[PDB]
């Protein structure tokens, strides 16, 4: 018995959720995964802790999915970030909410998430065959044939959830784009998004340090969020978002305290004209950031003159950084681009050109910010694709 109602290709967050919803709707379901493990990429989101969704409202979500979020109104009315939170709560996983509405398991371990998903697939009788790479997908009359090098399976409904093109060592190497092409869909241009930034800058002084809520500016686009200093330059949300507007050759500007304007700072110093300038700023900033700003200046806040005060403050508020480029698609967190949404039903996620065929997750031309919006996007679209609609 190799024939199923539904076959789902790719066991990421989209694939797992379609397997759950399809089974739940009485569909006899097969999930195929190329790796020995499910959720290889998912296991590494949120610094490996697993950033499973975001707890904001609908507008927070739309602001979180800049790349074609508007297509998801229909999907989100069926299953949303709060349906996700319910599911994991219902099934005995303790979630928690961190900054910017990011949702993690209390365990801080991605296996708590993936293991819960596998457990449900099993309670619902879903079939999963791992360590199996699909190489071929055809359709005859009303019957999809799905083939690996060894075997073949059949179905009437086919869900393709093979992901994007970034981090191909997770398994997302584009096969779902080939399917889409084979059945004569348009695949848009595939390019990097949420790609960390290469800077020309003394990286050693600051790498590993994290900063909460800072403003990076460049031309019209100005962004206020979290930032990580890396050995190659800049990552974390702020860098990641800005990375869409920048290619290499630009100067961008960093505001390390968007809270205080020039004057508040000036006043703050006078209150601590007794401590060392490093120690002064050590109270407002992480220590290694303090070192960085105040190395070239006099030891003590009072030893400063007027011109030193004004120059220092302008560095604190407007440090110019030189960007020499960004990471490629391969090394970016998100693929901007995918299967074209003008040929997909926004409500069922069925292809408009081939009946029975469906697409969910990153394989579609949807792209979002890190912070749970991609994963939320994949679980939901997955849920919908796997679910049944009739009329």
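Numbering follows the first chain given and starts at 1.
Enquirer: On average, are the C-alpha B-factors higher in 56 to 64 or in 34 to 42?
Expert: Here the higher of the two C-alpha B-factor means belongs to 56 to 64.
Enquirer: Test of understanding: from the entry's C-alpha B-factors, which stretch has the higher mean, 103 to 111 or 302 to 310?
Expert: Per the PDB record, 302 to 310.
Enquirer: Which has the highest CA B-factor per the PDB entry: 119, 225, 157, 203?
Expert: Answer for 119, 225, 157, 203: 225, with the highest C-alpha B-factor.
Enquirer: If you compare 152, 95, 128, 216, which has the highest Cα B-factor in the entry?
Expert: Comparing C-alpha B-factors across 152, 95, 128, 216, the top value belongs to 216.
Enquirer: Against its chain's modelled residues, does residue 229's Cα B factor rank lowest, middle or highest third?
Expert: For residue 229, whose C-alpha B-factor we compare with every modelled residue in the chain, the answer is the middle third.
Enquirer: Splitting the chain's C-alpha B-factors into thirds, which one does residue 186 fall into?
Expert: Highest third - that is where residue 186 ends up once the chain's C-alpha B-factors are sorted.
Enquirer: Lowest, middle or highest third of the chain for the C-alpha temperature factor of residue 336?
Expert: It belongs to the middle third of the chain when residues are ordered by C-alpha B-factor.
Enquirer: Ranking the modelled residues of this chain by C-alpha B-factor as given in the entry, is residue 175 in the lowest, middle or highest third?
Expert: Lowest third.
Enquirer: Once the chain's modelled residues are ordered by C-alpha B factor and cut into thirds, is residue 167 in the lowest, middle or highest one?
Expert: Lowest third, going by the recorded CA B-factors of the chain.
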